[PDB]
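All remarks here apply to the structure that follows.
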Amino acid sequence: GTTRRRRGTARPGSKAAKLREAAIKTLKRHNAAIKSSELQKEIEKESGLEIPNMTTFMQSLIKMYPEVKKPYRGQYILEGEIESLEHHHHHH
DNA sequence: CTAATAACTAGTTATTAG
DNA sequence: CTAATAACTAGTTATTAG
């Protein structure tokens with residue numbers, strides 16, 4: 001109704017932490033590039049729950065984990081062991 | 001024409017406010 | 001839902017700079 005229509009504001013996600021925890025196992029079962037909406041269907045299979053903002057989440061994942069990369073528009077990849085931040089040793 | 005700033009187009013859901 | 005502000009990918013068009 002009234003003239004005070006402009007109300008909102010925002011910050012990066014907190015529900016998005018559900019994507020971090022599921023996406024690590026979702027991505028470790030692959031070693032190849034995937035689109036946001038294909039990785040969404042894969043995380044929906046992995047977790048059984050809804051998918052927060054893919055662009056903000058996947059860049060939050062990248063800045064925390066250089067093993068994750070962005071080859072194209074909404075297209076992402078995870079290289080090898082995500083534990084490579086402290087797995088300085090060879091593979092088993 | 002190559003480079004940077006600015007406005008606009010096409011894509012994607014969140015979280016705050018009510 | 002209504003309403004905006006938010007964080008991010010990539011390209012066309014236009015002005016300023018060279």
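Looking only at residues in the stretch A:17-37 that are closer than 22 Å to A:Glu79 by Cβ and within 11 Å of DNA strand B (Cβ to nearest atom), which one is surrounded by the fewest Cβ atoms within 10 Å (Cβ to Cβ)? Spell out the reasoning first.
In the first step, residues of the stretch A:17-37 are kept if they are closer than 22 Å to A:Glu79 by Cβ; the result is A:19-37.
Next, from what is left, pick out any that are within 11 Å of DNA strand B (Cβ to nearest atom): A:19, A:35-37.
On the way: A:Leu19: 26, A:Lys35: 14, A:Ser36: 16, A:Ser37: 11.
Among them, the one singled out is A:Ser37.
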(request) Collect the residues in the stretch A:51-76 that are under 15 Å from A:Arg11 (Cβ atoms), touching a residue at least 24 places away in the same chain (Cβ under 8 Å) and assigned to a helix (DSSP H, G or I), keeping them in residue-number order. (result) A:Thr56, A:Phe57, A:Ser60
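Okay, residues lined up against (1) within 15 Å of A:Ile24 (Cα to Cα); (2) in contact with a helix residue (DSSP H, G or I) (Cβ under 8 Å, 6 or more places away or on another chain); (3) basic (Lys, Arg):
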position: A:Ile34; (1), (2), (3): yes, yes, no
position: A:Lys41; (1), (2), (3): yes, no, yes
position: A:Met58; (1), (2), (3): yes, yes, no
position: A:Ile62; (1), (2), (3): yes, no, no
position: A:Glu67; (1), (2), (3): yes, yes, no
position: A:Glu79; (1), (2), (3): yes, no, no
(message) With the structure loaded, tell me whether A:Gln40 is touching a strand residue (DSSP E or B) at 6+ places or on another chain (Cβ under 8 Å), of a type in the set (S, T, N, Q) and either within 14 Å of DNA strand B (Cβ to nearest atom) or part of a strand (DSSP E or B) (or both) or whether it fails that test.
(response) no
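In the stretch A:8-37, what residues are part of a helix (DSSP H, G or I) and more than 23 Å from A:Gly80 (Cβ to Cβ)? Talk me through it step by step, then tell me what you get.
The first filter runs over the stretch A:8-37 and keeps only residues part of a helix (DSSP H, G or I), leaving A:17-28, A:36-37.
Within the stretch A:8-37, A:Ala17, A:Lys18, A:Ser37 qualify.
Computed from the coordinates by the stated procedures, all read-outs in this text should not be read as laboratory data. Neighbour counts are summed over all protein chains in view; Cβ atoms, including those assigned to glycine, are modelled from backbone coordinates with ideal geometry.
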